[PDB]
$ cat entry.csv   # CSV, C-alpha atoms
chain,number,residue,atom,x,y,z
A,1,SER,CA,0.0,0.0,0.0
A,2,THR,CA,0.9,3.7,-0.2
A,3,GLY,CA,-0.5,7.0,1.0
A,4,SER,CA,0.0,10.6,-0.2
A,5,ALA,CA,-1.3,13.7,1.6
A,6,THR,CA,-0.8,17.4,1.1
A,7,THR,CA,0.8,19.4,3.9
A,8,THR,CA,0.0,23.1,4.2
A,9,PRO,CA,1.7,25.9,6.1
A,10,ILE,CA,-0.4,27.2,9.0
A,11,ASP,CA,0.5,30.8,8.4
A,12,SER,CA,2.5,33.2,6.2
A,13,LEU,CA,5.8,32.4,8.0
A,14,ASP,CA,5.7,28.6,7.6
A,15,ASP,CA,5.7,28.3,11.4
A,16,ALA,CA,4.3,24.7,11.1
A,17,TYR,CA,2.6,22.5,8.6
A,18,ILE,CA,-0.8,20.7,8.9
A,19,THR,CA,-1.9,17.5,7.1
A,20,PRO,CA,-5.4,16.2,7.1
A,21,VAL,CA,-5.9,12.9,8.9
A,22,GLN,CA,-9.0,10.7,9.0
A,23,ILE,CA,-9.8,9.2,12.4
A,24,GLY,CA,-12.7,6.8,13.2
A,25,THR,CA,-15.8,5.6,11.6
A,26,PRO,CA,-17.4,7.6,10.1
A,27,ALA,CA,-14.2,9.6,9.4
A,28,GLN,CA,-13.5,12.6,11.6
A,29,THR,CA,-10.9,14.7,9.7
A,30,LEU,CA,-8.4,16.6,11.9
A,31,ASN,CA,-5.5,18.7,10.7
A,32,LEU,CA,-2.4,17.3,12.4
A,33,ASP,CA,1.2,18.5,12.7
A,34,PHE,CA,3.4,15.6,11.4
A,35,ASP,CA,6.4,15.6,13.7
A,36,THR,CA,9.5,13.5,13.0
A,37,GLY,CA,10.9,14.6,16.3
A,38,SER,CA,8.2,12.9,18.5
A,39,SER,CA,6.3,9.6,18.6
A,40,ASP,CA,2.8,10.3,19.9
A,41,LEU,CA,-0.3,10.8,17.8
A,42,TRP,CA,-2.5,13.0,20.0
A,43,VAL,CA,-5.6,15.0,19.3
A,44,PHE,CA,-7.8,17.7,20.7
A,45,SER,CA,-11.0,15.8,21.7
A,46,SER,CA,-14.3,15.9,23.4
A,47,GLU,CA,-12.4,15.1,26.6
A,48,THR,CA,-10.2,18.2,26.4
A,49,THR,CA,-10.8,20.7,29.2
A,50,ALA,CA,-13.3,23.1,27.6
A,51,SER,CA,-11.4,26.3,28.4
A,52,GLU,CA,-8.3,24.9,26.6
A,53,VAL,CA,-10.1,24.5,23.3
A,54,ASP,CA,-10.2,27.6,21.1
A,55,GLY,CA,-11.2,26.9,17.5
A,56,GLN,CA,-9.6,23.4,17.0
A,57,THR,CA,-11.5,20.6,15.5
A,58,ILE,CA,-12.0,17.8,18.1
A,59,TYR,CA,-12.1,14.0,17.9
A,60,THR,CA,-15.2,12.6,19.6
A,61,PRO,CA,-14.5,8.9,20.2
A,62,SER,CA,-18.1,8.2,21.3
A,63,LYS,CA,-19.2,9.0,17.7
A,64,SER,CA,-16.7,6.5,16.2
A,65,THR,CA,-18.0,3.0,15.9
A,66,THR,CA,-14.5,1.7,15.7
A,67,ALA,CA,-13.1,3.5,18.7
A,68,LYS,CA,-12.1,1.5,21.8
A,69,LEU,CA,-10.8,2.8,25.0
A,70,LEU,CA,-7.3,1.4,25.7
A,71,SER,CA,-8.0,0.5,29.3
A,72,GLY,CA,-5.7,2.0,31.9
A,73,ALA,CA,-3.5,3.8,29.4
A,74,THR,CA,-2.4,7.4,29.9
A,75,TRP,CA,0.0,9.7,28.1
A,76,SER,CA,1.9,12.9,28.9
A,77,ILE,CA,4.4,14.7,26.7
A,78,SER,CA,6.6,17.8,26.9
A,79,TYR,CA,8.1,19.3,23.8
A,80,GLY,CA,11.4,21.2,23.3
A,81,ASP,CA,9.6,24.5,23.1
A,82,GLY,CA,8.1,24.0,26.6
A,83,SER,CA,4.6,23.1,25.4
A,84,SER,CA,2.9,20.0,26.7
A,85,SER,CA,-0.3,17.9,26.7
A,86,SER,CA,-1.7,14.7,28.4
A,87,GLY,CA,-4.7,12.5,28.5
A,88,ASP,CA,-6.0,9.0,27.9
A,89,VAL,CA,-5.9,6.6,24.9
A,90,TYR,CA,-8.2,5.0,22.3
A,91,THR,CA,-7.5,2.7,19.5
A,92,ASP,CA,-9.2,3.6,16.2
A,93,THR,CA,-8.9,3.5,12.5
A,94,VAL,CA,-6.6,6.2,11.1
A,95,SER,CA,-6.0,7.1,7.5
A,96,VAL,CA,-3.5,9.4,5.9
A,97,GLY,CA,-3.8,10.2,2.2
A,98,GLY,CA,-5.5,6.9,1.4
A,99,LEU,CA,-3.2,4.7,3.7
A,100,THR,CA,-5.2,3.1,6.5
A,101,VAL,CA,-4.1,1.7,9.8
A,102,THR,CA,-6.5,-0.2,12.0
A,103,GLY,CA,-6.0,-0.3,15.8
A,104,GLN,CA,-3.8,2.9,15.9
A,105,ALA,CA,-3.3,4.5,19.3
A,106,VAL,CA,-5.1,7.8,19.2
A,107,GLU,CA,-4.1,9.8,22.3
A,108,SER,CA,-7.0,11.9,23.5
A,109,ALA,CA,-6.0,15.1,25.2
A,110,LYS,CA,-7.5,16.0,28.5
A,111,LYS,CA,-5.1,18.9,29.0
A,112,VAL,CA,-3.1,21.0,26.6
A,113,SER,CA,-0.7,23.9,27.4
A,114,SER,CA,-1.5,27.5,26.4
A,115,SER,CA,0.6,27.4,23.2
A,116,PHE,CA,-1.6,24.6,21.8
A,117,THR,CA,-4.9,26.3,22.8
A,118,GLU,CA,-3.7,29.6,21.2
A,119,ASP,CA,-3.0,27.9,17.9
A,120,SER,CA,-6.4,27.3,16.3
A,121,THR,CA,-5.0,25.7,13.2
A,122,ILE,CA,-3.4,22.6,14.8
A,123,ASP,CA,-5.8,19.9,16.0
A,124,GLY,CA,-3.0,17.6,17.3
A,125,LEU,CA,0.3,16.0,16.4
A,126,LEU,CA,1.2,12.8,14.5
A,127,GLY,CA,4.6,11.6,15.6
A,128,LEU,CA,7.0,10.0,13.1
A,129,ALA,CA,10.1,9.5,15.3
A,130,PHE,CA,10.9,6.0,16.6
A,131,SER,CA,8.3,4.3,18.8
A,132,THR,CA,10.8,4.0,21.6
A,133,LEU,CA,9.9,7.7,22.4
A,134,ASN,CA,6.1,7.1,22.7
A,135,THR,CA,4.9,8.2,26.1
A,136,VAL,CA,1.9,5.9,26.6
A,137,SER,CA,1.9,4.1,29.9
A,138,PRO,CA,1.9,1.4,31.0
A,139,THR,CA,2.1,-0.1,27.5
A,140,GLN,CA,4.1,1.9,25.0
A,141,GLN,CA,2.3,2.3,21.6
A,142,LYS,CA,3.5,2.4,18.0
A,143,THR,CA,3.6,5.3,15.6
A,144,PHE,CA,1.4,5.4,12.6
A,145,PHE,CA,4.4,4.7,10.4
A,146,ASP,CA,5.5,1.8,12.6
A,147,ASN,CA,2.0,0.2,12.3
A,148,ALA,CA,1.8,0.8,8.6
A,149,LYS,CA,5.3,-0.3,7.7
A,150,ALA,CA,4.9,-3.9,6.9
A,151,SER,CA,2.0,-3.2,4.6
A,152,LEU,CA,3.8,-0.4,2.6
A,153,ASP,CA,5.3,-1.1,-0.8
A,154,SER,CA,8.6,0.1,0.6
A,155,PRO,CA,9.2,0.9,4.3
A,156,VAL,CA,9.7,4.6,3.9
A,157,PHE,CA,8.0,8.0,4.1
A,158,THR,CA,9.1,11.2,2.5
A,159,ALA,CA,8.7,14.9,3.5
A,160,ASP,CA,8.5,17.5,0.8
A,161,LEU,CA,7.7,20.7,2.6
A,162,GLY,CA,7.0,23.9,0.7
A,163,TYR,CA,8.4,27.4,1.1
A,164,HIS,CA,5.3,29.6,1.5
A,165,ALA,CA,3.4,26.9,-0.3
A,166,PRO,CA,1.8,23.4,0.2
A,167,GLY,CA,3.9,20.3,0.0
A,168,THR,CA,3.5,16.5,0.4
A,169,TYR,CA,4.0,13.6,2.8
A,170,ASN,CA,4.2,10.3,1.0
A,171,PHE,CA,4.1,6.8,2.6
A,172,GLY,CA,5.5,3.7,1.0
A,173,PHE,CA,7.0,5.1,-2.2
A,174,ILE,CA,9.6,7.6,-3.5
A,175,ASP,CA,8.1,10.0,-6.0
A,176,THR,CA,11.0,10.3,-8.5
A,177,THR,CA,9.4,13.4,-10.1
A,178,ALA,CA,9.5,15.4,-6.9
A,179,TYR,CA,13.3,16.1,-6.8
A,180,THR,CA,16.2,17.0,-9.0
A,181,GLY,CA,19.4,15.0,-9.3
A,182,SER,CA,20.0,12.1,-7.0
A,183,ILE,CA,19.1,11.3,-3.4
A,184,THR,CA,22.1,11.1,-1.1
A,185,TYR,CA,21.6,8.7,1.8
A,186,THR,CA,23.3,9.0,5.1
A,187,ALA,CA,23.5,7.0,8.3
A,188,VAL,CA,21.0,7.3,11.2
A,189,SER,CA,21.5,6.7,14.9
A,190,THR,CA,18.2,5.7,16.6
A,191,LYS,CA,19.9,5.6,20.1
A,192,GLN,CA,18.0,8.7,21.2
A,193,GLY,CA,14.8,7.8,19.4
A,194,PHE,CA,15.3,10.4,16.7
A,195,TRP,CA,16.2,10.5,13.0
A,196,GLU,CA,19.7,11.5,14.1
A,197,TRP,CA,22.4,12.0,11.5
A,198,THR,CA,25.7,13.8,10.9
A,199,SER,CA,25.9,16.6,8.4
A,200,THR,CA,29.4,17.0,6.8
A,201,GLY,CA,29.6,20.8,7.0
A,202,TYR,CA,28.3,24.1,5.9
A,203,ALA,CA,28.8,27.2,3.8
A,204,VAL,CA,27.4,30.8,4.2
A,205,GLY,CA,26.3,32.4,1.0
A,206,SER,CA,28.9,32.1,-1.8
A,207,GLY,CA,31.6,31.3,0.8
A,208,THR,CA,33.8,28.3,0.9
A,209,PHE,CA,32.5,25.0,2.4
A,210,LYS,CA,33.7,24.2,5.9
A,211,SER,CA,34.1,20.5,6.4
A,212,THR,CA,32.9,19.7,9.9
A,213,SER,CA,30.7,17.0,11.5
A,214,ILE,CA,27.4,18.3,12.8
A,215,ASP,CA,25.3,15.7,14.6
A,216,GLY,CA,21.6,16.6,14.6
A,217,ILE,CA,18.0,15.5,14.1
A,218,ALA,CA,15.7,15.8,11.1
A,219,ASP,CA,12.7,17.3,12.8
A,220,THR,CA,9.6,18.4,10.8
A,221,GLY,CA,8.0,19.5,14.0
A,222,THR,CA,10.6,22.3,14.7
A,223,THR,CA,10.3,25.5,12.7
A,224,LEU,CA,13.8,26.7,12.7
A,225,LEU,CA,17.4,25.5,12.1
A,226,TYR,CA,19.3,25.1,15.3
A,227,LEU,CA,23.1,24.7,15.0
A,228,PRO,CA,26.2,25.2,17.1
A,229,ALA,CA,27.0,28.7,18.2
A,230,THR,CA,30.1,28.9,16.1
A,231,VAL,CA,28.2,28.1,12.9
A,232,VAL,CA,25.4,30.5,13.7
A,233,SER,CA,27.8,33.3,14.5
A,234,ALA,CA,29.5,32.8,11.2
A,235,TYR,CA,26.2,33.0,9.3
A,236,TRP,CA,24.9,36.2,11.0
A,237,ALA,CA,28.3,37.9,10.8
A,238,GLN,CA,27.5,38.2,7.0
A,239,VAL,CA,24.3,40.2,7.7
A,240,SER,CA,25.0,43.9,8.5
A,241,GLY,CA,23.3,44.9,11.7
A,242,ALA,CA,22.4,41.3,12.8
A,243,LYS,CA,22.9,40.6,16.5
A,244,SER,CA,22.0,38.1,19.2
A,245,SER,CA,19.3,39.6,21.4
A,246,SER,CA,18.8,38.1,24.9
A,247,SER,CA,15.6,40.1,25.3
A,248,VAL,CA,14.1,38.7,22.1
A,249,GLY,CA,15.6,35.2,22.5
A,250,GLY,CA,17.9,34.8,19.5
A,251,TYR,CA,19.4,36.5,16.5
A,252,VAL,CA,17.6,39.4,14.9
A,253,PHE,CA,18.5,41.4,11.9
A,254,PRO,CA,17.3,44.5,10.1
A,255,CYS,CA,14.3,43.8,8.0
A,256,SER,CA,15.9,45.8,5.2
A,257,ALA,CA,18.6,43.2,4.8
A,258,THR,CA,19.1,40.7,2.0
A,259,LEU,CA,19.9,37.4,3.7
A,260,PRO,CA,22.6,35.1,2.3
A,261,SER,CA,21.9,31.4,1.6
A,262,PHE,CA,23.1,28.7,3.9
A,263,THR,CA,24.4,25.4,2.6
A,264,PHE,CA,24.6,22.1,4.6
A,265,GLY,CA,26.4,18.9,3.6
A,266,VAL,CA,24.9,15.5,3.2
A,267,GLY,CA,27.8,13.3,2.6
A,268,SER,CA,29.5,14.8,-0.5
A,269,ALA,CA,26.2,16.4,-1.6
A,270,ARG,CA,25.0,19.9,-0.7
A,271,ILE,CA,21.6,21.3,0.2
A,272,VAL,CA,21.2,25.1,-0.3
A,273,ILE,CA,18.7,27.0,1.9
A,274,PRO,CA,17.9,30.3,0.1
A,275,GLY,CA,18.3,33.4,2.2
A,276,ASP,CA,14.5,34.2,2.1
A,277,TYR,CA,13.8,30.9,3.9
A,278,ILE,CA,15.8,32.3,6.9
A,279,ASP,CA,13.5,35.4,7.3
A,280,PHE,CA,10.9,35.0,10.1
A,281,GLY,CA,9.6,38.5,9.9
A,282,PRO,CA,9.2,41.4,12.4
A,283,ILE,CA,9.7,40.5,16.0
A,284,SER,CA,6.4,42.2,16.8
A,285,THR,CA,3.9,43.8,14.5
A,286,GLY,CA,5.3,46.9,12.8
A,287,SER,CA,8.9,46.4,13.9
A,288,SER,CA,11.8,46.8,11.6
A,289,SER,CA,13.8,44.1,13.5
A,290,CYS,CA,13.2,40.7,12.0
A,291,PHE,CA,13.7,37.3,13.6
A,292,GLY,CA,16.3,34.9,12.1
A,293,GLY,CA,15.6,31.4,11.0
A,294,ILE,CA,19.0,30.0,12.0
A,295,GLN,CA,19.5,30.1,15.7
A,296,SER,CA,22.0,28.6,18.2
A,297,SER,CA,21.4,25.1,19.6
A,298,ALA,CA,23.5,25.9,22.7
A,299,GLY,CA,21.6,24.8,25.7
A,300,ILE,CA,19.1,22.8,23.7
A,301,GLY,CA,21.6,19.9,23.9
A,302,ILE,CA,21.1,18.8,20.3
A,303,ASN,CA,21.3,20.4,16.8
A,304,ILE,CA,17.9,20.4,15.0
A,305,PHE,CA,17.5,20.4,11.3
A,306,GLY,CA,13.9,21.8,11.4
A,307,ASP,CA,11.6,23.1,8.7
A,308,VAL,CA,14.0,25.9,7.6
A,309,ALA,CA,16.5,23.2,6.5
A,310,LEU,CA,14.1,20.4,5.5
A,311,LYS,CA,11.9,22.5,3.2
A,312,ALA,CA,15.0,23.1,1.0
A,313,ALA,CA,15.1,19.4,0.3
A,314,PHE,CA,13.2,16.3,-0.6
A,315,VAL,CA,13.7,14.1,2.5
A,316,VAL,CA,13.5,10.3,2.7
A,317,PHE,CA,12.9,8.7,6.1
A,318,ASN,CA,14.0,5.2,5.3
A,319,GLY,CA,12.6,2.8,7.9
A,320,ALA,CA,14.4,-0.3,6.7
A,321,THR,CA,15.9,-2.7,9.3
A,322,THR,CA,18.8,-0.3,9.5
A,323,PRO,CA,17.2,3.1,9.1
A,324,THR,CA,18.8,5.9,6.9
A,325,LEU,CA,17.9,9.4,5.8
A,326,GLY,CA,18.0,10.6,2.2
A,327,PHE,CA,18.3,14.2,0.9
A,328,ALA,CA,17.8,15.5,-2.6
A,329,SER,CA,17.6,19.1,-4.0
A,330,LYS,CA,14.3,20.0,-5.6
$ encode --input "entry.csv" --output "structure tokens"
Amino acid sequence: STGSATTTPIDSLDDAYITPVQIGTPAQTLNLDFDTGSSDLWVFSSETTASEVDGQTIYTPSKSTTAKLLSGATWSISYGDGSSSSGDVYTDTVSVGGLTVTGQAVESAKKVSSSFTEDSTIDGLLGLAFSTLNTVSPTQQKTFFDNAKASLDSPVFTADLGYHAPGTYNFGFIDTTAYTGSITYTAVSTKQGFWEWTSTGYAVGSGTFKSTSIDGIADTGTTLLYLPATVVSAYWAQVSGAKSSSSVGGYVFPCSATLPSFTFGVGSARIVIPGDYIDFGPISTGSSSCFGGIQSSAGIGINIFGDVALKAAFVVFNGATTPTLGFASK
């Protein structure tokens, strides 16, 4: 089997992407944030504290003839940005772009943090990291991909995120029309539960390539590109007036600037992030100070190839017995 679904930016900055997901019978369609940096599929629901729902579409398990309470199971997750959610668990039928999994764990939120409430466009998350990170207790549950894998034509999914435009998540096949040149594959460590890999270096603008190993994760659920302070300083030094602002929480730059591109290495191959992808707009409405899309990972504890990086590429998440990651230009 295969599946193919369009993923759409939630706002004009590409802060996140939503993908429609069918849950239950009859289908309840919710727009979920596909997150290769976590492993829980959780939704706003009829069980979510009412004051914490503000415009989201909810899953109502009592209206699904295929929903079953997973007795005794609870979940609770905290994300790198400080947001969180928790609740109980149902199993139900879940379909993405024509690909159906029966008996998928659907984690129903009883509580969500303010960041989730305040984002009306995201109805939940669909985790695509390794199932070892799944938070369901006392019986850990599998991701949608893990459940689908054996049925797929090939044990892969691909992320093709757009810049200020829709893109595509495919399951079970590689669309050879969706990228240019070849896909370069690179090793993955699953030891921390992530799609963790090592970039071979970087360049800033038209500058020379610096060969250096940068361990990090391919994370569709993180907006920005978080890299070591040395790398980030080298980038922003090429932007007149750019500075790190403790009050704002990262590098800012004059909105009048033209940003240079940023290149990262995948083996001997190179992915070029255009300068415009690095612009996250005014720090507050009407400001002429703009927020940068490349930020320091210092004190995160890990480098994160988030959407800023991934959307410059066609990305293969290869879930073969030994997982790998592939990157192509597009």
$ residues_around --input "entry.csv" --residues "residue 159 (chain A)" --least-positions-apart "5" --cutoff "7 Å" --atoms "all atoms listed in the file" --output "count of residues only"
6
$ atom_distance --input "entry.csv" --atom1 "CA of residue 101 (chain A)" --atom2 "CA of residue 124 (chain A)"
17.6 Å
$ closest_atom_pairs --input "entry.csv" --of "region 177-244 of chain A" --to "region 278-292 of chain A" --cutoff "9 Å" --atoms "all atoms listed in the file" --output "tab-separated table"
residue	atom	partner	partner_atom	distance
A:224	CA	A:278	CA	8.3
A:225	CA	A:278	CA	8.7
A:236	CA	A:292	CA	8.8
A:242	CA	A:292	CA	8.9
